[PDB]
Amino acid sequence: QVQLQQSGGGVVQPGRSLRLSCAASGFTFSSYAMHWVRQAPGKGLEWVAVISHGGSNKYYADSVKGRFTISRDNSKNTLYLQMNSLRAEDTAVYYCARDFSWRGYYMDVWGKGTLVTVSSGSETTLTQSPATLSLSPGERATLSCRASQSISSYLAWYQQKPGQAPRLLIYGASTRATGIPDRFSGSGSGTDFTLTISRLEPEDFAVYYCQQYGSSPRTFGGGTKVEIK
């Protein structure tokens, strides 16, 4: 009977290349259009590529275009998919499918599928609250930075004026950098950290980021925007 045998599935790391094979028998291979359809574990079907019966016309989905290649060998009766520059999102069960005819409209014969997994290649997460803070000039800003793991006071504070590069304010969670006025003050140890800006100047209205250096890799907080009201 009509049959499609699949091979070439396995585990690869991101960036590398994989090639899948779909061996066909029971029908005239060179007279039908051929399809690849993928399905990530859990979610629905995603259409990948189509090739014409002669192999001259090839069409791809937007997500795979430029880095995926559909090909066929009509003397070998085999369909191929070259997968290059592989992302983590490319992790799916890949089905080869024979089209109804040469048209490439819809498929009536499906291969069993081969599993393709792209993985994989500890951190200290910093959370900043609040997200935004509305205040007047003369008012005082209080900013929280919470680490997922104890950092033993190895934390830095950065100011970023809109459109400008970041500027170091506090290093070591207490020490104030050279140039920085004493209305800015860093506080805290372990997991809990605070920046206090007493008597807000118009210059002080900016985005503020905390950065840890107790563990590798170095991470930032999500930021706190201090804006006028």
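Counting begins at 1, following the sequence as shown.
Peer 1: Note how many residues of the deposited chain are left out of the model between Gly121 and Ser122; the options are none, 1 to 3, 4 to 9, and 10 or more.
Peer 2: Per the deposited record, the segment joining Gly121 and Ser122 lacks coordinates for 4 to 9 residues.
Peer 1: Compare the mean C-alpha B-factor of 15-23 with that of 203-211 as given in the PDB entry, and name the stretch with the higher value.
Peer 2: Mean C-alpha B-factor is greater for 15-23.
Peer 1: Where do the C-alpha atoms have the higher mean temperature factor in this entry, in 58-66 or in 171-179?
Peer 2: Per the deposited B-factors, the answer is 58-66.
Peer 1: When the CA B-factors of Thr142, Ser101, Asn77, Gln159 are compared as recorded in the entry, which is the largest?
Peer 2: In the PDB entry, the greatest C-alpha B-factor among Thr142, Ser101, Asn77, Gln159 is found at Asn77.
Peer 1: Please work out which residue in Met107, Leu133, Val116, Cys96 has the highest C-alpha B-factor recorded for this crystal structure.
Peer 2: Of the options given, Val116 has the highest CA B-factor in the PDB entry.
Peer 1: Is the Cα B-factor recorded for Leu155 in the lowest, middle or highest third of its chain?
Peer 2: For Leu155, the deposited C-alpha B-factor lands in the lowest third.
Peer 1: Going by the entry, which third of its chain does the Cα temperature factor of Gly10 land in?
Peer 2: For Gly10, whose C-alpha B-factor we compare with every modelled residue in the chain, the answer is the highest third.
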